[PDB]
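Form deposited in one PDB entry, single chain, as structure tokens, below.
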């Protein structure tokens, strides 16, 4: 029970990856997803209390902890193709706000725009910083974890054709990582084993599953509403299979409709004027090469009226069953009063 799954982007718990990349990344202390995004060596921006523990596995499900771990080229492209109306093959390139500074990258995109390549610049907390929609007297401010921007020009001045937003869902873990991260620290410095791996696992409590959908729903329901409209191309939510299972509860376990393509959809999409997406990805796919690529397991097109109806109409309908938790709640009360009886 309870173990660190990845250490600096490389597996450790079920399979212990020790490749030419995994050797150096661990020692130098580098989260590769940021380094690949930029063009320069950068560390996992977490505190030394919970350093390279970018992914964690408990009783057997993996969980996403470092939001920077979501920066997977294979996932980015996959998600962006559905947010902006792209086909499977259309040429696609991603930048990152800070890397607009060097001439080499700019020459590349100029050459790319000329031949019709979809150039997308992304903005993220530790990269180019993240961006927010303005407050209004009738609507609130919202921040995006990822802001994807269809670049169309960078020489007269920066100009963007359209924009998408992606939201990355991370998990909390009650206690601290300091014993687990502390134990594997001395092991890594100078000098797989059942005795050694047991120490790196035994230290931390389980997931903080209390808020997995409670904190997310509103901004999701809200940001999904803005998706198909007003130079906003689409809104997506990125979640691991672990979190999707939890989500199915709050959504009264529906049945996804499997479209012609490798696509599923909540409710009827046939004529949907929004562009809302939920991407369920696998943390450990069939392959085991380099850092594990975040493959899209499920690509779900959301119907906002079904998401609201399921979450807030159909779900509490199941809670109001004639044998359900609201009918039997009075019993919990009565039993608790008994505790006080002399």
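Residue numbers count along the first chain shown, from 1. For clarity, a rigid core is taken as the largest C-alpha set superposing within 1.5 Å between two forms.
The same protein also exists as the form deposited in another entry; that form is not shown, yet it is the one meant from here on.
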(request) Could you check which of 221, 252, 256, 105 shows a C-alpha shift of 2 Å or more between the shown form and the other one after a rigid core superposition? (result) 105
(message) If the two forms are fitted on the core, does residue 230 show a Cα displacement reaching 2 angstroms between the shown form and the other one?
(response) yes
(request) Spell out whether the Cα of residue 284 moves at least 2 Å between the shown form and the other one when the two forms are superposed on their rigid core. (result) yes
(message) For a quick test of reading the superposition: does residue 116 move by 2 Å or more at the CA between the shown form and the other one, rigid core aligned?
(response) yes
(request) Indicate closer or farther: the Cα atoms of residue 88 and residue 284, in the other entry, relative to the displayed form, with a change of 3 Å or more. (result) closer
